[PDB]
Amino acid sequence: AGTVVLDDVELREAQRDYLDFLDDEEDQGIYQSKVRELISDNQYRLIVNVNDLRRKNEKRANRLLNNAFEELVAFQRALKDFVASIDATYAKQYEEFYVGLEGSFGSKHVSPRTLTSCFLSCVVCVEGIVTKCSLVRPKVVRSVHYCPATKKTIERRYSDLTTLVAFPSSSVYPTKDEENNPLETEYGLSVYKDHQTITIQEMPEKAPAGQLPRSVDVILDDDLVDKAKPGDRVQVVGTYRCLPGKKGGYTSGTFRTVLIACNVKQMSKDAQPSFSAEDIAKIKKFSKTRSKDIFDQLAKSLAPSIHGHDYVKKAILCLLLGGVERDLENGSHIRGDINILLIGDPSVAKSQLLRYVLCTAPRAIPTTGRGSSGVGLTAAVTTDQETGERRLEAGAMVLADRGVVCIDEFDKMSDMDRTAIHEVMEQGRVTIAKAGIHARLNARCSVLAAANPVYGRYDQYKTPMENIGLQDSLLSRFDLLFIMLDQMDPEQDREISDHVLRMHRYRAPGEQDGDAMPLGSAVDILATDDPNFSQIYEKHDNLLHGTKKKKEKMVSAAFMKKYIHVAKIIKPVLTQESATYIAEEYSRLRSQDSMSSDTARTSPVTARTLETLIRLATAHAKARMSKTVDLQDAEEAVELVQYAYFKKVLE
Amino acid sequence: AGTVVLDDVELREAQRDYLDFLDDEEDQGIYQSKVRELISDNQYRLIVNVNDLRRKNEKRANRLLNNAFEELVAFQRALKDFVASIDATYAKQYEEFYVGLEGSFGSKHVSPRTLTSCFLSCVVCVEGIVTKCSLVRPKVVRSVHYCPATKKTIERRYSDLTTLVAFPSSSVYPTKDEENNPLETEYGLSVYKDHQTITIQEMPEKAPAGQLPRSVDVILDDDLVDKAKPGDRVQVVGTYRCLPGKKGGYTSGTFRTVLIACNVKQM
Amino acid sequence: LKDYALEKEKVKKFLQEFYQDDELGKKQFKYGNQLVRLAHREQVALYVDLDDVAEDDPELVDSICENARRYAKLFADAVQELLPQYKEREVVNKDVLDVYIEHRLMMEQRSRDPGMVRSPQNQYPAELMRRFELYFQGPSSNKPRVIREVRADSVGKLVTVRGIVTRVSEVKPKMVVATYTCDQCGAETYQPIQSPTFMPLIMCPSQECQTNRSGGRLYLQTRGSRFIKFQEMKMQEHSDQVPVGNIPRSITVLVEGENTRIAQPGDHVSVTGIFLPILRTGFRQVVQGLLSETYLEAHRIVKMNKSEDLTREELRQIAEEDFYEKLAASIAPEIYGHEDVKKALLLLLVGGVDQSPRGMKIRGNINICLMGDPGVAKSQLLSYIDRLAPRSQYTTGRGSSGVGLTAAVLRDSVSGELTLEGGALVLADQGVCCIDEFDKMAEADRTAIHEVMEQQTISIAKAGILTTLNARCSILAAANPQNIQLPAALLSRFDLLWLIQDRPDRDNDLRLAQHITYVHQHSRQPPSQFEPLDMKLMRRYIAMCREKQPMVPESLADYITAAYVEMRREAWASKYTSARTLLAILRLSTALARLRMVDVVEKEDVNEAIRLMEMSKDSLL
Amino acid sequence: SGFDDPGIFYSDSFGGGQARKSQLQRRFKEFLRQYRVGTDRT
Amino acid sequence: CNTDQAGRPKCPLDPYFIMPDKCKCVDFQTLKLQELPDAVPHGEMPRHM
Amino acid sequence: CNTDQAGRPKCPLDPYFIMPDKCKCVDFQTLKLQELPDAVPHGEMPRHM
DNA sequence: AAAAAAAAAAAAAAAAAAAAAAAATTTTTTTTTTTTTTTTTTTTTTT
DNA sequence: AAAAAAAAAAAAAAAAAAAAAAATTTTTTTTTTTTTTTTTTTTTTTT
Ligand SMILES: Nc1ncnc2c1ncn2[C@@H]1O[C@H](COP(=O)(O)OP(=O)(O)O)[C@@H](O)[C@H]1O
Ligand SMILES: Nc1ncnc2c1ncn2[C@@H]1O[C@H](COP(=O)(O)OP(=O)(O)O)[C@@H](O)[C@H]1O
Ligand SMILES: [Mg+2]
Ligand SMILES: [Mg+2]
Ligand SMILES: [Zn+2]
């Protein structure tokens, strides 16, 4: 055999401390519950909060952070022992239970640039964007061979010597028996582990301006291989180590470094929100007690900082809630995504509304008229340059799939790009193809666009068709088109100015002392935890300088986010009464005689107008948590479309 | 970890047959009684009659007498399993149990003059007169080491490769830790087995008068070391094998043959 | 562990004593008859159905699904052992490899010496003398997996996936057993190839040369060797099964033997096979370990869900005179109205008869261009036709442009050569190419489409490519607006240019709104007198029509000429018509006759063709 | 597919002044088989 | 191999493998420096270090 | 070790140890033949072989 | 709105910096064993 | 019974064969990374 340790004092102490920490039963069983949850979910990787670990035993936390491999092995042994104690069969099912880390890393939290050799063999939490990924390959961790000549069955094991001294003996795949009998490998019986290599680059918006970006190579293994794709703003918690070179004889002293990832995370904004019992109870209470005016309350509480534009705010809320897709048995599809175009006079806060949607709605992609040009906007087809094979790169729409694309300077956008996105706006999919590849990417995103009317400022004395240079083909697929006019009414100016000045004079309680400048400079960002991958919530915003007073509260941002997320899943069904009402209203709307004279249509009326009527009714039902599209929902939809589709020509 | 064996048909059959042969309650009970006797006497070697083994199972007898090493390994595994079944607490005391043979060996009963190449790896019974009897030296089979710097304790295991190919890594005695700390060997915790080498000569009366004597070298491991002294007439039963030479890019066909005694009995 | 001799006996027992009533209710030895066939060398591929196996031995099915390669070899060896006792006569030596096998067996018998024991390596390899191949058909209880989810945890298992075929190499000979002949003795040497590469042998290990201690240099040659039809394809996930924001994932499928030439790029396929690795040595492995590729070895390829490769009920349905209208109304039942448009689309899906009079082809394809205002369901119609037609490529404005419509050149991997990969038009070579936003499509793309319409080919004379492609597709363009935009370029080419103007109207708009709202209520069109045909039935009927070439009797010659002359006079008097319009008449009438499933076109077909043409023409006004 | 390695199989030497060593071995074999001692009488 | 052999077969010819875990590594950067444009003679390509 | 193709990392120089138990051994003996005393010439020594 | 010019990109070809792979018996030493010689010790023969 | 001569025993020194031990970096390849270039294609400007 060989050397076998008997009394490793450090290993015994580490195992004891980690098992004590994982007991947690007296410590409100946080990690007991986590272990039980992973057992039920059939997972074999425990994510541990380093902050809790440090609180329990700062010594163990420091030892783990500064000595990665040894302490991680001890932690995994303790986790396997705990899993066996809770349930032995599962522990025997899974050979090794891995431990990934999470929380606030004081100094270990770095970027690919600040990640220097001082962090070798330490636990580092590096932020960045995945520049490239590799195919998921299986590495044999235990091979099984059968010898026909002797009917024997052997099993060879290969250890994970990724960042350890490896010799030819350990990495030789048997191909003969001791008597030179050919073997045959039993692939089914053999054990493989999935392995992938990615590249994390410093975020361009974080990198020093004008310099080339700093990268790092990351190794992912079983249960972490496909946690990211190129262009993902990922946080990788791992162990930084030097990769061994090939058996040489002369060494230059240069060692490639790599990050053995122990955990991968995406932007927490798109993550599944945590709904506690009290939170769901509050949502139930809100929906039940207030249903008649809940949609109006949410619409008015949507963007507190932007005054007026009540109809536009309601339309934006409908866009956020979305409709419901129709998946017909014969494959025909109907989008449930509302498209909104805000056009009007300069300085009407349309860009502010788009920015608010970007900040709030999950999977919201900003874009500018000329910022994205075709292949950048939709998907693109390139070549690997190393394999000679075609490859697909997701554009803004694809990345915004099941989300929102907030486009600004839509008018400035070239006609080619608008023609290209025509398909996305209605079918919600991108159809690209080159000679060696063809795909139909899913882009189920709602387009919220902003534009400036021709002549810079809206012309009250010209038809909306002439004011808007967008042709009918592109106008139709916009479900709602709102003309936001900078009317010069003295009273509206009074209200707007009062709101703006109040918002400017507001200061955040506690953090601001009356003279602080909150800007930081490229260091505090890494010093403190990133508020982009981080881990009690009220319902109505407490009175503050934002508003003076009234008998109508304003919904909290977090509560509104949770409520919208819950309500978006609802798929209210269209009732016969609402269906008949919508059909008759669509007939009347299409019949031009209904609308008065001196009134010009913003956009043409079409079957798509009917479809957006249905979608708006569905969105109102979702807001109400109704589960059925009712007469009030149909009324609100018809009201909104009637307001949006007609504008009075002044003279 | 390396190439372990998952299932082995021949080894499983051999161990099952030997365990069946050793388990005697539906039969007379001779060998169950013998195992109980050795348990009572605190020994770790059982003398199994080749005649009884041939009577109960001809195939196992032929296999044991023609390919002794692995067959004796299987027999000793079965013996340890049976001793554990009778009483596990005693079976835990001794790492391994040994199977000596006795009885009648048809063509495997030879003199040192008749012990030729044909009997290599077979079980043979040789009766002769002891000429040389070396000292009983301890041979370390498991060495315990202590690192004063790191307070660690280590165990190094050396396989009994007397007749198997041995590589230096197997026999490297450790002296320094991973980071070159000094290691002190703990003699009180290491494990050593008595080892001796003797020579068995063709009996002067039975040898041909005209010609010079013929002798054979015999290795006696623990429990068989001080059983014989020079001038004694003894019967040694064991495996006749070839001893590996030493590492070298050149070799003559010559090999040094010995007899690893599995039992020694007085004339 | 398991005893593979016992497993071989189990598979022999199953293969011999499994029976089914498939043959017209009569009990049959499903696999026994196949064994007889391929022992006579009348069949090559033996597809063992794991549902059949599980019918009596579920544990064997589980073991196969866990170690499919091992049991694949067990089944193949069992078949090979059973063949001699099922042979009932002498084969006719249909193949040179059969000649080689006959000679090898005869010479082995001649030098048998039955009692003698020959060395384990002094024998013909199994693969060298098979002439058959055993594949599986995955058990129906195994839910198909997603290419993304097929990972290292299921290597060596038997799994089935479904997806779109993107890239498919050609069929080329892959060495399976390399045969060498010595220059001293006169024996043969056999190297069974398993790795992607092999190092040819140099010295002959035959007994005669070993005894002679002579040179014994052996010569690799293809004559006595054993090749197998080989192909390598890329299979792409389906759009509906891709995650939210990701792109579809690809898998490599290695097809061998008789599974070749089944799938072609653009096909929707389901492939069942074993997930196996390829050793990845040769590179400067950055990370230590035995890393390997991954691939699916094709055991069962089945085109499904768009291009799947009769009954008294369907015969009666065809015999019904309103079958034409039934199919038309079934085309996109959700879309309200557009009855004549849907009838034209059905005529497109059917197509006319191809003509080859004295060295020039008058193609029978039908070209239709849907001009219309926004929101008149042109895109929906084109998407539905794409889902319905067998070989359909739906190309939007510019995502698939240039080489997205025409072929390009890409480096290969099996040969490292430059292979010509087809574009959308070639992928729809003999089907339907639904072009959307044809007006906004690029100029080069529009010229390519014009050329394919006029010739069914695509000539290219660029730098890296110089070829004359073949794209015999029918163009279904959907442009938007001489009204306001009615190019003579489109008029002169499209056989049916339809204008779809939606003037507001209380009654029609209300009916359409009720249709739409019921559709959104029940995920289906409002119930009608006639239930619309399922896509499978529509495809079956259309395919049966396609092979029903009706001819034009000389009696209708004067009728057609009179109609054409009358249309010419009307067009001349009014404020476009030509021989292209006449050929449109001819092929529309032929397609209507084909729809009726007769051999001779009739005045009713001619009248319907003229009626549709006049509806299209006066849609302009 | 690049993991296993079967041996190299071979067949018999069908077909085909110094005499080859195989020929001389065949002649030795025939000498052993077909050396006759005695007489028809005995 | 330095190890004081105990009479066993000696270790192989090239027995040493780097232990990347047991190494002390430091940052190291390579820069390109160019002759200042003013310092360059009139007709002369800049020097590099 | 000619079987280095099973893995890129290479085996040492002079790597082979003879396995004793896998040896087909035979009996061999050495004898000292001396010329016949009646063959040795009168004044001479007995030759050996 | 169409044609021409500009550039922008994609892909393919080419040339170094670093790392990785390939190739490799002969001379001398020592240990054991065996034999020869010297002296001491023991044995045997003669007085 | 003792002394003298013979022979044996014990012990030490020397020689021959055979198994063991010691010594043993340079040169070439080649892969990856970077840059260069030719053509196709796309965008912008002008009439
Ligand atoms: N109704 C309003 N209430 C509050 N602020 C407004 C309003 N309209 C315009 N603004 C202010 O105008 C500024 C810029 O408007 P912007 O979002 O750029 O609109 P646009 O995109 O039309 O230029 C914002 O800081 C915003 O506060
Ligand atoms: N005649 C119709 N019947 C049913 N639905 C229609 C009809 N016309 C338009 N629609 C609906 O209006 C939407 C827009 O149709 P689309 O296919 O984009 O028209 P276009 O081809 O003119 O762009 C689709 O969701 C479709 O379901
Ligand atoms: Mg703006
Ligand atoms: Mg369209
Ligand atoms: Zn030969």
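To find a chain, count down the sequence lines: A is the first, B the second, and so on, and within it residues start at 1. When reading the values below, keep in mind they use all heavy atoms of this one structure, side chains included, and skip hydrogens, waters and symmetry mates.
If A:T254 and A:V381 are placed on DNA chain G by their nearest nucleotide, the residue sitting closer to the 5' end is A:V381. Residue C:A463 is the one, among C:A463 and A:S414, whose nearest nucleotide of DNA chain H lies closer to the 5' end (criterion: closest heavy atom). Where A:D384 and A:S252 each meet DNA chain G at their nearest nucleotide, the meeting point lying more 5' is that of A:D384.
For the side-chain hydrogen bond (donor to acceptor under 3.5 Å, both in side chains) test, no residue two or more places apart in sequence or in another chain qualifies with A:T378. For E:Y16, the side-chain hydrogen bond (donor to acceptor under 3.5 Å, both in side chains) test picks out no residue, with sequence neighbours left out. Every side-chain hydrogen bond (donor to acceptor under 3.5 Å, both in side chains) that A:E423 has, sequence neighbours left out, goes to A:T431, C:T396. Remark: B:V172 pairs with E:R8 by the side-chain contact (heavy atoms from CB on, under 4.5 Å) rule, at least two apart or across chains. By the salt bridge (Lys or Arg N to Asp or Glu O under 4.0 Å) test, B:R113 is found to be paired with B:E202, residues two or more places apart in sequence or in another chain being considered. Not a single side-chain hydrogen bond (donor to acceptor under 3.5 Å, both in side chains) links A:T131 to another residue, sequence neighbours left out. Here C:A442 pairs with C:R398, C:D445 under the side-chain contact (heavy atoms from CB on, under 4.5 Å) rule; sequence neighbours left out.
Relative orientation of the B:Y158 and B:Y173 rings is parallel, given thresholds of 30° and 60° on the angle between their planes.
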Give the B/S/- string for nucleotides 20-38 of chain H, one per nucleotide from 5' to 3', where a protein heavy atom under 4.0 Å of the base yields B, of only the sugar-phosphate yields S, and otherwise -. SSS-BB----BB-------
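A negative value of the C1'-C2'-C3'-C4' torsion places the sugar of H:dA23 in the south (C2'-endo) family.
Rounded to an integer number of Å, the gap from NZ of C:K440 to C1' of G:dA2 is 15 Å.
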Quick one: the dot-bracket string of DNA chain G, using Watson-Crick and G-U wobble pairs with both distances under 3.5 Å, [ ] for crossing pairs and | for bases paired to another strand. |||||||||||||||||||||||.|||||||||||||||||||||||
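Under a 3.5 Å cut-off, the side chain of B:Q196 and the backbone N or O of B:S134 do form a donor-acceptor pair.
Stacking of the bases of H:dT25 and H:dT26 is indicated, with six-membered ring centres separated by less than 5.5 Å and ring planes inclined by less than 30°.
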Using atom types as modelled, flag every donor-acceptor pair under 3.5 Å from a side chain in residues 246-253 of chain A to any protein atom, sequence neighbours excluded.
{"unit_1": "A:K247", "atom_1": "NZ", "unit_2": "E:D14", "atom_2": "O", "d": "3.3"}
{"unit_1": "A:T251", "atom_1": "OG1", "unit_2": "A:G253", "atom_2": "N", "d": "3.3"}

Under 3.5 Å donor-acceptor pairs involving side-chain atoms of residues 380-390 of chain A, not counting sequence neighbours:
{"unit_1": "A:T382", "atom_1": "OG1", "unit_2": "A:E393", "atom_2": "OE2", "d": "3.1"}
{"unit_1": "A:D384", "atom_1": "OD2", "unit_2": "A:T387", "atom_2": "OG1", "d": "2.9"}
{"unit_1": "A:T387", "atom_1": "OG1", "unit_2": "A:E389", "atom_2": "N", "d": "3.3"}
{"unit_1": "A:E389", "atom_1": "OE2", "unit_2": "C:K234", "atom_2": "NZ", "d": "3.2"}

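Taking every heavy atom of residues 398-419 of chain C and every atom of DNA chain G, no pair lies under 4.0 Å.
Atom name P, nucleotides H:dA22 and G:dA24: the rounded distance is 24 Å, in whole Å.
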